[PDB]
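Notes to accompany the following structure.
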There are 4 protein chains.
Amino acid sequence: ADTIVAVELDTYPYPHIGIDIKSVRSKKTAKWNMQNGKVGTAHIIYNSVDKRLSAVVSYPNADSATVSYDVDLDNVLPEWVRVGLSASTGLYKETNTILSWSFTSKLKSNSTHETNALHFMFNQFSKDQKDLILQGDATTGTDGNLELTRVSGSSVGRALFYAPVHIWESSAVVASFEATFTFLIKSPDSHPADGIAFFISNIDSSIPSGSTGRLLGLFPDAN
Amino acid sequence: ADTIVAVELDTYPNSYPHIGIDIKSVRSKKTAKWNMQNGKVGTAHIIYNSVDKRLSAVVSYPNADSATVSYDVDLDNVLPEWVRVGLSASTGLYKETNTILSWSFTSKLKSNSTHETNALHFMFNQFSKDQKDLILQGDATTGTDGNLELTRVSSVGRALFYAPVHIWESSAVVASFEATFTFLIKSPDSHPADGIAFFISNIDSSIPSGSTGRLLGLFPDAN
Amino acid sequence: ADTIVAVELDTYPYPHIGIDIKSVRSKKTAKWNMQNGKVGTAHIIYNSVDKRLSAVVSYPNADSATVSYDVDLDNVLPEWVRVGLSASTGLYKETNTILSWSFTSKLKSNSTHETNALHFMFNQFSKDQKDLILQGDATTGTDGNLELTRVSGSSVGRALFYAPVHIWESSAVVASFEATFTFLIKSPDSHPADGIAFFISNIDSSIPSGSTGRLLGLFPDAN
Amino acid sequence: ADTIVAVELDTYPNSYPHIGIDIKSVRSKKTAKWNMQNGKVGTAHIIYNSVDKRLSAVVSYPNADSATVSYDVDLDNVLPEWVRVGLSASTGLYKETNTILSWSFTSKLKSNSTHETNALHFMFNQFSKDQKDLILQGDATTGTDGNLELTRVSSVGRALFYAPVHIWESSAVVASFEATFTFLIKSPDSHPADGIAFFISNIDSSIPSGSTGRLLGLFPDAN
Ligand SMILES: [Zn+2]
Ligand SMILES: [Zn+2]
Ligand SMILES: [Zn+2]
Ligand SMILES: [Zn+2]
């Protein structure tokens, strides 16, 4: 199937932030205080020296939650990947609006003035966002935002950046990436089941069949 | 026909070697004398912004005089909203190369809104054998020393960045881009005919039939 | 006295955006529709190839105003300078709040991989902002903002970045800078006299005596 | 005494040449074997972030093995909120230089707020004779080839960036910095005693009396 590494924020049947390395059974999780209707901000960072994937989710007035996991991505992910955002809603009326998304990847060689870098920043999505590959119920343009799930009952959507990303190289001394997105989960329900995730996958990843709910449109089954 | 805007460096004795600005036609809209240095690494800096609406280029060599050409033009009226940017090169009948040692690009769309900037930035200082984020056309190849050989080493080649680029938007207060690339044109011949160009085209641009020589793999005819 | 180059927004006795090269008698001006109580955004840009200083002031819902002026800063300003913000209030109750300020300067040499760059971004000012030199009634910390004039009748204040800036060099092929600040001018009065300015000066510039009102704390007299 | 945090590269046979992390004391908190290469340009990459709270360093040479050392430490508890960053070097009694070919630094403070990042970034690829944005101490000088000679060419020298740096803030969700510098240690001697260090100190730090040799111009005594 696909190779997935993802930082997920879910409230399915307890809300927690977690790190998934190829399985929905989070390798590490942290208690998350999901704030309905408030804009949240996830910061994800990783570097080949530390070989540690770290995440921080904070809200204004701020209850930050953070989870880290030691892992050498060189052994998990393919050399070239595509990065993206995912979301799945349970049986509840709710949205998973992405207000902004920015990413930065760098490969520094042994070679002096070594650097290879890719950087994108979306602070406003357009109706025709040709540099985003939308999958599922994901769409753009709504207020300049990115609606991962359909806005108005079991919906899944994803948005991946068009250009493949050279996330690692055997001849780099330090490889590193950093992602940041601001989201808005609004539900009229008091305890909605929902999930958003920043994921890294093989370039041609697609929504597995049956990847709804707890599977975040990332995994085909709970193994 | 494709829509092309390109800054070209050519020595085809149509008639000194010159740097020139092409807006949809090979008969440069503006040109400047260029002192092509065989075997030395050169550096082209291209910059544009919607406020000034002036496309400018500077080509210098170490210990060098620089050559510069600017041209007033509102790209909003020439290019489509979404484009792809790339490098091109055509060799006449001479033994010579068109090695690109580095290429970096940055695009920015700043809206009327407070804190609404959209940006794309890539930097290649070392090209790998499998550069999956570059669309190679013609005789173009990568990996040779970590360089990009646009031409065969009567050759024509191009390399376009994979991700489409949002160059303009009707709602931006200042749209801008800036490109930089270092090249090496080596030829055993004393007066070789050659040509490199940084170009901006429609996303699905391809090498027109018979765009060899003085047509730089960009134009199908001068006529 | 001091050497001043500044992009000013004034409504003194008609509101206009203007470019001042060593004198308060703007070298070029544009009609400005001052919006009381609304956050505005000034973008200032300049590059040595074009040798043109350009400014854009827009508000949300947007009425943008823009003014450009052809000038080779190499002949006006000293090699090393300090950049800053200034404001002066007439006899009115009003504020000149700076919500954010960011600047970027680059010096690219003939030399391959030439770059020298300085970049700062303030999106939140602290009560002890040790990297800012405050002059006059200027203070920080108020909401995380920068109050150029005193907040509650003839007040002048300035804030300059601590580190001197190498704005030009004789051996650079392209020198360029770019500044952006968001301001809030709130006055209970319908037609208040006020002025804010982004200025470049000699490193040890200070508020001239009698630089109030129309003189923006930049000039000592109207010559 | 000054508060010093520094990543040091030393060959003083106190006992192989090593790279080490110093937190307020010259007796390194952590060290790694370093294979000092006489006459070859080296590259030190230093990185830290408040989420991981781990200070890491990588020193590589071309065609090289890299040496790396990391140390868990919350800088919030060691350093003052505002600091100055710099480079240091001390030579033993040998003929040798400590030329810094380039130095770049980036600091970021991201708040709980949506879109509230504060950043400082400098890049020196060429030092001029009058580098007004650098505070030189000891035998340090600039302009020599466009390089920075920390030591006399029993010498000690330092260079600190002029602007104080806000390294931490109690209200930031992720504070981070990253430094990179390329050096050249040439010595006619086969086993020279030498030392370079990237350090972070209180804004008004100065070379302690007798901080020569194995004290790297950073510490007044080991004892
Ligand atoms: Zn889970
Ligand atoms: Zn031509
Ligand atoms: Zn005026
Ligand atoms: Zn030691």
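Every chain in the structure tokens takes a letter, A first, then B, and so on in the order presented; its residues are numbered from 1, and the ligands are numbered from 1 following the presented order.
Look at segment 61-78 of chain B: the protein and nucleic acid residues within 6 Å of it, using only C-alpha atoms and passing over chain neighbours fewer than 5 places away, are residues 32, 34, 42, 53, 54, 55 and 56 of chain B; 110 and 111 of chain C.
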Go ahead and write the residues just picked, C-alpha atoms, as an mmCIF file, in the first residue's frame.
```cif
data_model
loop_
_atom_site.group_PDB
_atom_site.id
_atom_site.type_symbol
_atom_site.label_atom_id
_atom_site.label_comp_id
_atom_site.auth_asym_id
_atom_site.auth_seq_id
_atom_site.Cartn_x
_atom_site.Cartn_y
_atom_site.Cartn_z
ATOM 1 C CA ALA B 32 22.065 44.442 -24.609
ATOM 2 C CA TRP B 34 26.831 40.554 -23.913
ATOM 3 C CA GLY B 42 28.291 33.098 -15.426
ATOM 4 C CA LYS B 53 5.959 46.508 -14.019
ATOM 5 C CA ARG B 54 9.495 46.282 -15.264
ATOM 6 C CA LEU B 55 11.244 43.018 -16.134
ATOM 7 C CA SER B 56 15.004 43.353 -15.501
ATOM 8 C CA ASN C 110 30.010 39.548 -8.944
ATOM 9 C CA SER C 111 31.432 36.626 -6.997
#
```
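With the cut-off set to 8 Å and only C-alpha atoms and all ligand atoms counted, the residues surrounding ligand 2 are residues 8, 9, 10, 11, 12, 14, 18, 19, 20, 26, 27, 28, 31 and 214 of chain B.
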Give chain D as a CSV table (one decimal) with C-alpha atoms, in the first residue's frame once it has been least-squares superposed onto chain B over every C-alpha atom, paired in order.
```
chain,number,residue,atom,x,y,z
D,1,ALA,CA,1.2,28.5,-29.8
D,2,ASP,CA,2.7,28.5,-26.3
D,3,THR,CA,2.9,31.8,-24.5
D,4,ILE,CA,6.6,32.7,-23.8
D,5,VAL,CA,8.3,35.3,-21.9
D,6,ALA,CA,12.0,34.7,-21.6
D,7,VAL,CA,15.4,36.4,-20.8
D,8,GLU,CA,17.8,35.0,-23.4
D,9,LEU,CA,21.6,34.9,-23.7
D,10,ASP,CA,22.5,34.3,-27.3
D,11,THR,CA,25.5,34.3,-29.7
D,12,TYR,CA,23.8,33.2,-32.9
D,13,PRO,CA,25.2,35.6,-35.5
D,14,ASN,CA,21.8,36.5,-37.0
D,15,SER,CA,24.9,40.8,-34.6
D,16,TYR,CA,27.1,40.5,-31.5
D,17,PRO,CA,26.3,38.1,-28.6
D,18,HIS,CA,23.6,39.7,-26.5
D,19,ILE,CA,21.3,39.3,-23.6
D,20,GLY,CA,17.7,40.0,-24.6
D,21,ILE,CA,14.1,40.1,-23.3
D,22,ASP,CA,11.5,38.2,-25.4
D,23,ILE,CA,7.8,38.7,-25.0
D,24,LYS,CA,6.1,36.2,-27.2
D,25,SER,CA,8.5,36.5,-30.0
D,26,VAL,CA,12.2,35.7,-30.7
D,27,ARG,CA,12.8,39.1,-32.1
D,28,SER,CA,13.8,40.5,-28.7
D,29,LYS,CA,11.8,43.4,-27.4
D,30,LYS,CA,15.0,44.7,-25.9
D,31,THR,CA,18.7,43.6,-26.1
D,32,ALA,CA,22.1,44.4,-24.6
D,33,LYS,CA,25.6,43.7,-25.7
D,34,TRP,CA,26.8,40.6,-23.9
D,35,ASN,CA,30.4,39.5,-23.6
D,36,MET,CA,30.1,35.8,-23.7
D,37,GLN,CA,33.0,34.2,-21.8
D,38,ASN,CA,33.9,30.7,-23.0
D,39,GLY,CA,34.6,28.3,-20.1
D,40,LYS,CA,33.8,30.7,-17.3
D,41,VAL,CA,30.9,30.3,-14.9
D,42,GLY,CA,28.3,33.1,-15.4
D,43,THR,CA,25.3,34.3,-13.3
D,44,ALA,CA,22.0,35.6,-14.5
D,45,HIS,CA,19.7,37.4,-12.1
D,46,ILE,CA,16.1,38.0,-13.3
D,47,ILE,CA,13.7,40.1,-11.3
D,48,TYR,CA,10.2,41.6,-11.7
D,49,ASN,CA,7.5,43.2,-9.6
D,50,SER,CA,3.9,44.4,-10.4
D,51,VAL,CA,4.4,47.8,-8.8
D,52,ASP,CA,7.2,48.8,-11.2
D,53,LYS,CA,6.0,46.5,-14.0
D,54,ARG,CA,9.5,46.3,-15.3
D,55,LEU,CA,11.2,43.0,-16.1
D,56,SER,CA,15.0,43.4,-15.5
D,57,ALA,CA,18.0,41.1,-16.0
D,58,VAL,CA,21.7,41.2,-15.0
D,59,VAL,CA,24.4,38.8,-16.3
D,60,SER,CA,27.8,39.1,-14.8
D,61,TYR,CA,31.0,37.0,-14.6
D,62,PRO,CA,33.7,37.0,-11.9
D,63,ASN,CA,36.2,39.9,-12.0
D,64,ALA,CA,33.6,41.1,-14.7
D,65,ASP,CA,31.6,43.8,-16.2
D,66,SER,CA,27.9,42.9,-16.0
D,67,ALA,CA,25.4,43.3,-18.8
D,68,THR,CA,21.9,44.4,-18.0
D,69,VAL,CA,18.6,44.8,-19.9
D,70,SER,CA,15.2,45.9,-18.5
D,71,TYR,CA,11.8,46.1,-20.2
D,72,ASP,CA,8.6,47.7,-19.1
D,73,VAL,CA,5.8,45.2,-19.3
D,74,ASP,CA,2.8,44.2,-17.2
D,75,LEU,CA,3.0,40.4,-17.3
D,76,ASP,CA,-0.7,40.4,-16.2
D,77,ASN,CA,-1.5,41.0,-19.8
D,78,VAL,CA,0.9,38.5,-21.4
D,79,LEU,CA,1.0,35.4,-19.3
D,80,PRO,CA,-1.7,33.2,-18.0
D,81,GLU,CA,-2.4,33.3,-14.3
D,82,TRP,CA,-0.7,29.9,-13.8
D,83,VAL,CA,2.5,29.1,-15.5
D,84,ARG,CA,5.6,26.9,-15.3
D,85,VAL,CA,9.1,28.3,-15.2
D,86,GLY,CA,12.1,26.8,-16.8
D,87,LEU,CA,15.6,26.9,-18.4
D,88,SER,CA,16.2,26.3,-22.1
D,89,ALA,CA,19.2,25.9,-24.4
D,90,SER,CA,20.0,25.3,-28.0
D,91,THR,CA,23.4,24.7,-29.6
D,92,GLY,CA,24.3,25.5,-33.2
D,93,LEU,CA,26.7,23.2,-34.9
D,94,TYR,CA,29.5,23.3,-32.5
D,95,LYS,CA,30.8,21.2,-29.8
D,96,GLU,CA,29.7,22.9,-26.5
D,97,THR,CA,27.8,22.5,-23.4
D,98,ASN,CA,25.2,24.4,-21.5
D,99,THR,CA,25.7,23.3,-17.9
D,100,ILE,CA,23.5,24.8,-15.3
D,101,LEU,CA,25.3,24.7,-11.9
D,102,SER,CA,22.5,26.1,-9.8
D,103,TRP,CA,18.9,27.5,-10.2
D,104,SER,CA,16.7,29.2,-7.6
D,105,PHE,CA,13.4,30.9,-7.9
D,106,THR,CA,11.0,32.8,-5.7
D,107,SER,CA,7.5,34.0,-6.3
D,108,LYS,CA,5.3,36.1,-4.0
D,109,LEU,CA,1.7,37.2,-4.2
D,110,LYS,CA,0.7,39.7,-1.5
D,111,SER,CA,-2.9,40.5,-1.0
D,112,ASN,CA,-4.8,43.6,0.2
D,113,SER,CA,-5.3,41.6,3.5
D,114,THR,CA,-3.0,42.1,6.5
D,115,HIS,CA,-0.6,39.2,6.7
D,116,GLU,CA,-1.7,37.5,3.4
D,117,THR,CA,1.3,36.5,1.4
D,118,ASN,CA,1.5,33.4,-0.7
D,119,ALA,CA,5.0,32.2,-1.7
D,120,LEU,CA,6.9,29.6,-3.6
D,121,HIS,CA,10.6,29.2,-3.4
D,122,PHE,CA,13.0,26.5,-4.8
D,123,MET,CA,16.8,26.3,-4.7
D,124,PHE,CA,18.8,23.7,-6.6
D,125,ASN,CA,22.5,23.8,-5.9
D,126,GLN,CA,23.0,20.1,-6.8
D,127,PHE,CA,20.9,18.1,-9.3
D,128,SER,CA,20.5,14.4,-8.7
D,129,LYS,CA,20.2,11.6,-11.4
D,130,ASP,CA,16.5,11.3,-10.5
D,131,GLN,CA,15.3,14.9,-10.1
D,132,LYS,CA,11.6,14.1,-9.8
D,133,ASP,CA,10.7,17.7,-9.3
D,134,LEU,CA,12.0,18.8,-12.7
D,135,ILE,CA,10.3,18.1,-16.0
D,136,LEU,CA,13.1,17.5,-18.5
D,137,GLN,CA,12.4,18.0,-22.2
D,138,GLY,CA,14.7,17.6,-25.2
D,139,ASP,CA,18.3,16.5,-24.6
D,140,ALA,CA,18.2,17.8,-21.0
D,141,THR,CA,19.5,15.5,-18.3
D,142,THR,CA,20.7,15.7,-14.6
D,143,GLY,CA,23.2,13.9,-12.4
D,144,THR,CA,26.3,14.8,-14.4
D,145,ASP,CA,28.5,16.0,-11.6
D,146,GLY,CA,25.3,17.0,-9.8
D,147,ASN,CA,24.7,19.5,-12.7
D,148,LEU,CA,22.0,19.9,-15.2
D,149,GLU,CA,23.1,19.6,-18.8
D,150,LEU,CA,20.4,21.3,-20.9
D,151,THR,CA,22.0,20.3,-24.2
D,152,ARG,CA,23.5,17.0,-25.4
D,153,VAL,CA,27.0,16.4,-24.3
D,154,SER,CA,22.2,20.6,-33.1
D,155,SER,CA,20.8,19.9,-29.6
D,156,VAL,CA,17.9,21.5,-27.7
D,157,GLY,CA,16.9,20.9,-24.1
D,158,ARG,CA,14.8,22.4,-21.3
D,159,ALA,CA,14.0,21.8,-17.7
D,160,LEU,CA,10.8,23.2,-16.1
D,161,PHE,CA,9.9,23.1,-12.4
D,162,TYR,CA,7.2,20.6,-11.8
D,163,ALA,CA,4.9,22.7,-9.7
D,164,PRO,CA,2.7,25.2,-11.6
D,165,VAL,CA,3.4,28.7,-10.4
D,166,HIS,CA,0.7,31.3,-9.5
D,167,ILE,CA,2.4,34.4,-11.1
D,168,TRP,CA,-0.4,36.8,-10.9
D,169,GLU,CA,-3.8,37.3,-9.2
D,170,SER,CA,-6.2,40.2,-9.8
D,171,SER,CA,-6.5,40.6,-6.0
D,172,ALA,CA,-2.8,41.0,-5.2
D,173,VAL,CA,-1.4,44.4,-4.3
D,174,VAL,CA,2.2,43.3,-5.2
D,175,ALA,CA,3.0,40.1,-7.2
D,176,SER,CA,6.7,39.5,-7.7
D,177,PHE,CA,9.3,36.9,-8.7
D,178,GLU,CA,13.0,36.6,-8.9
D,179,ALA,CA,15.2,33.9,-10.6
D,180,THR,CA,18.9,33.2,-10.4
D,181,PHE,CA,21.0,30.6,-12.3
D,182,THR,CA,24.7,29.9,-12.8
D,183,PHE,CA,25.8,28.5,-16.2
D,184,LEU,CA,28.9,27.3,-17.8
D,185,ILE,CA,29.2,27.5,-21.6
D,186,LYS,CA,32.3,25.6,-22.8
D,187,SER,CA,33.2,25.2,-26.4
D,188,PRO,CA,36.5,24.3,-28.0
D,189,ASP,CA,35.5,26.6,-30.9
D,190,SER,CA,36.4,30.3,-30.8
D,191,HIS,CA,33.1,31.7,-31.9
D,192,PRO,CA,30.4,29.1,-31.0
D,193,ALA,CA,26.7,29.7,-31.7
D,194,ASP,CA,24.7,29.0,-28.5
D,195,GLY,CA,21.8,30.1,-26.4
D,196,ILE,CA,20.4,29.7,-22.9
D,197,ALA,CA,17.2,31.3,-21.7
D,198,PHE,CA,15.1,31.5,-18.5
D,199,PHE,CA,11.5,31.3,-19.7
D,200,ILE,CA,8.0,31.5,-18.3
D,201,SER,CA,5.3,29.6,-20.2
D,202,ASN,CA,1.8,28.0,-20.0
D,203,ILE,CA,1.9,24.9,-17.8
D,204,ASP,CA,1.8,22.5,-20.6
D,205,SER,CA,4.5,24.1,-22.8
D,206,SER,CA,6.6,21.8,-24.9
D,207,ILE,CA,9.5,22.2,-27.4
D,208,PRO,CA,7.9,23.4,-30.6
D,209,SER,CA,8.7,21.6,-33.8
D,210,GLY,CA,11.9,23.1,-35.3
D,211,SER,CA,12.7,25.4,-32.4
D,212,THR,CA,16.4,24.8,-32.9
D,213,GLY,CA,19.2,27.2,-33.1
D,214,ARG,CA,18.3,30.8,-32.9
D,215,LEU,CA,14.8,29.8,-31.8
D,216,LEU,CA,16.1,28.5,-28.4
D,217,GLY,CA,13.7,25.6,-28.1
D,218,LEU,CA,11.1,28.2,-27.2
D,219,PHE,CA,9.7,29.5,-30.5
D,220,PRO,CA,8.5,27.4,-33.5
D,221,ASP,CA,9.4,30.2,-35.9
D,222,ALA,CA,10.9,33.7,-36.4
D,223,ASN,CA,9.7,33.2,-40.0
```
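Residues of protein, DNA or RNA having any atom at most 10 Å from ligand 3, counting only C-alpha atoms and all ligand atoms, are residues 7, 8, 9, 10, 11, 12, 13, 14, 15, 16, 17, 18, 19, 20, 23, 24, 25, 26, 27, 28, 29, 30, 195, 214, 215 and 216 of chain C.
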Could those residues be written to a file, using C-alpha atoms, as an mmCIF file, in the first residue's frame?
```
data_model
loop_
_atom_site.group_PDB
_atom_site.id
_atom_site.type_symbol
_atom_site.label_atom_id
_atom_site.label_comp_id
_atom_site.auth_asym_id
_atom_site.auth_seq_id
_atom_site.Cartn_x
_atom_site.Cartn_y
_atom_site.Cartn_z
ATOM 1 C CA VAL C 7 8.448 57.128 2.184
ATOM 2 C CA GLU C 8 5.882 59.257 4.028
ATOM 3 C CA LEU C 9 2.075 59.117 4.516
ATOM 4 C CA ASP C 10 0.803 62.542 5.619
ATOM 5 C CA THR C 11 -2.432 64.463 5.985
ATOM 6 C CA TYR C 12 -0.964 67.774 7.114
ATOM 7 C CA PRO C 13 -2.163 71.037 5.485
ATOM 8 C CA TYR C 14 -4.481 66.438 0.261
ATOM 9 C CA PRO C 15 -3.641 63.357 2.281
ATOM 10 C CA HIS C 16 -0.843 61.853 0.217
ATOM 11 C CA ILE C 17 1.833 59.234 0.111
ATOM 12 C CA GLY C 18 5.203 60.632 -0.928
ATOM 13 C CA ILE C 19 8.924 60.054 -1.543
ATOM 14 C CA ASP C 20 11.397 62.390 0.167
ATOM 15 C CA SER C 23 13.995 67.186 1.822
ATOM 16 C CA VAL C 24 10.403 67.362 3.173
ATOM 17 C CA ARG C 25 9.456 68.705 -0.205
ATOM 18 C CA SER C 26 8.448 65.335 -1.556
ATOM 19 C CA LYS C 27 10.141 64.510 -4.831
ATOM 20 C CA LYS C 28 7.026 62.606 -5.880
ATOM 21 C CA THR C 29 3.582 62.243 -4.279
ATOM 22 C CA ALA C 30 0.307 60.413 -4.757
ATOM 23 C CA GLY C 195 2.218 61.475 9.482
ATOM 24 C CA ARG C 214 4.748 68.318 8.750
ATOM 25 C CA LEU C 215 8.487 67.697 9.366
ATOM 26 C CA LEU C 216 7.805 64.131 10.548
#
```
Determine which residues of chain C sit within 8 Å of chain D, taking into account only C-alpha atoms, and present them as a ChimeraX atom specification.
-> /C:80,113-124,130-131,162-165
From a DSSP pass on the backbone, collect the residues of segment 43-151 of chain C flagged as strand (DSSP E or B) and hand them back as a ChimeraX atom specification.
-> /C:43-47,52-58,65-70,80-89,97-109,116-122,132-136,139-140,146-147
